[PDB]
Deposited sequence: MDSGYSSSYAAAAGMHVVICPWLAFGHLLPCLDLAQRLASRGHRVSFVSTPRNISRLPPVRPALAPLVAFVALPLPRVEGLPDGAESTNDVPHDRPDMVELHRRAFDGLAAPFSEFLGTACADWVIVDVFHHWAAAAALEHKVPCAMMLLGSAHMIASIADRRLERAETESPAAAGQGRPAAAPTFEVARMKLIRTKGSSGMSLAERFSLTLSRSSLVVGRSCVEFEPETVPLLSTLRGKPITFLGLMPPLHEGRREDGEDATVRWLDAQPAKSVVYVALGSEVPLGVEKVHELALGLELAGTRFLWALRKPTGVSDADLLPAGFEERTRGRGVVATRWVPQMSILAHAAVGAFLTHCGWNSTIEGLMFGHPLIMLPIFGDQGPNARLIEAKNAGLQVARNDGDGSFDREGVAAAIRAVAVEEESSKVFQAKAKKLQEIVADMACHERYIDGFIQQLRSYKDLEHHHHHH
C-alpha cells in the first residue's frame, strides 16, 4: 500500500508518526510523510534501507503576519503566547490547498491524519481516499472522549474520517479495550503501544547529560522532563526546583524556558549552586531514550505525555506525575490505577502545585523504602507488557490488516 501520514506540528506527534512510517516501510509498504520543512529537518534520519519507502513531503507553512520564520512546531510556538498559538493554527490551516494538490496525484491507498487535520480529511473525501484519524493515546483517553476551537477541528476531522487509531492494546488496558467499538459511529482500532526502537531515535550517547549519569549510582537519579511543549510559568518552575531540592534526591532535569524569563530569573536564587554535583538542569533538547535506558535513572518525574509514559514504563521506571493539559490527566490517573506511579497533589480550584507536594510525591515514589519498592515492582510488571517488542510488532501487522480491509 501507499500510506500518506500527516502528523500535528508537534514532536510528540512527529516522532511516533516517523516510527510508524518506518514500521510500515519495514513490511514493504510505501509512506509519504507530510509536514513542514524545518520540522522534517529536525527528525532522526530514516534507516538507509527504508530510504526510498519513506518519502518526506515538505509543504512550507504560509507566512502569517507576525508568526516568526522557522516557528513551525508547538516546541517553537509557546503555549504562554496564545496570540502566537492562534497565528500558528492559521498557518497550519493554510496547508489545505498545497495538501489537496499533493493528494490528487499521490496514488494513496490511505490517508492517516492527526486530530486537527480537518482540511486533510476533506481532501481525502475530495479524492476518494480512505482516511484514518490518529488518536495515538490510551484506550482510557478515547473512552473519556466517547476561527475554530480545538474541539471543532477535532470533531470536523472525526466526522470526515472512516477509522480512528489508538496507541494501546487489551494487554495494557484489558478493562477498556474490549468495551470500545466506535467513537461517535467511527470504528476504533489499536495499533499497540508501539514503544520506540532505541536505535531509531539516533540520539547522541556521548551527550553531557549521559556522561553525568555514568558517574551516578544505579537507580539513584530522578529524571525530570515535561515533553516538548506544555507551558510551565516561572513561579511553577521555582516550585518544581525547590520541591526537587527538598526531597534531596539526585536529579537530571530537562527544562524549557517560559517566554520572556531571563537565565537569571529562570531558577530560584542559588538553586544551581546548592544542588551542584547532585543535580543537573539542561535547558536544551536531551536524548530522552538514552537517559531512560540508563542504569542510574530510578524514578521519572513526567507530565504524562503518552510518549513519555510508554518510554518511562518500557524501561521499568515508576512515575512521579505532573500532568499539565490534554490527555495527561487521564494518562496519569491510568498509571496511578496500576500502582506504578503517584500524581503530585494539586489544588482543586486552579490545578496549582507547590514545592511540598512535589517533594512528598518524590519521597513516596523514590525515597521511602516501603512505598518506593512497591512502585518499582509495579513499574516492572508494566515493563513486561510495555517492553514486549514482539507483541507490539504483531499489533502493527494487525493494523496493516485492518487497513487492507
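- Numbering the deposited sequence from 1, one finds several regions with no C-alpha coordinates, namely 1-14, 161-200, 460-470.
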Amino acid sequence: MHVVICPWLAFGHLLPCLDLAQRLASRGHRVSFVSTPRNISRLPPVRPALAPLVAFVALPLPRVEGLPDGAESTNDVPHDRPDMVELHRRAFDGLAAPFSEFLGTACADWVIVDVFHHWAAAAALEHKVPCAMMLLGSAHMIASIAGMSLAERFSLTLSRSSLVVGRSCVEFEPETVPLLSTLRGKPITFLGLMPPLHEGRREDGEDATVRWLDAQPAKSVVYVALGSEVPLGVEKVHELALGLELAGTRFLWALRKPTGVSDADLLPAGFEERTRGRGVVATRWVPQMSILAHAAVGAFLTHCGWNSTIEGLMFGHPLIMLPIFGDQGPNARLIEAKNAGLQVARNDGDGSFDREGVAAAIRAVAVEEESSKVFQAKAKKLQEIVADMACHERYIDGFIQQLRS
From here on, numbers count along this sequence of modelled residues.
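- Omission of residue 192 is seen in none of the other entries compared for this protein where the adjacent residues are built, far below a third.
- Checked against the other entries of this protein, residue 227 counts as resolved in every one of those spanning it, not missing from a third of them.
- Averaged over CA atoms, B-factors in the entry run higher in 127-135 than in the other of 297-305 and 127-135.
- Checked against the record, the higher mean CA B factor of 240-248 and 204-212 lies with 204-212.
- Going by the entry's values, 97 shows the largest Cα B-factor out of 221, 321, 165, 97.
- Of all the options 330, 312, 231, 260, the entry's greatest CA B-factor is assigned to 260.
- The deposited CA B-factor of residue 360 belongs to the middle third of values across its chain.
- Residue 392: CA B factor lies in the middle third for its chain, per the PDB record.
- Ranked within its chain, residue 75 lands in the lowest third, by CA B factor from the PDB record.
- Sorting the modelled residues of the chain by their CA temperature factor places residue 41 in the middle third.
- Sort the chain's modelled residues by C-alpha temperature factor and residue 155 lands in the middle third, per the entry.
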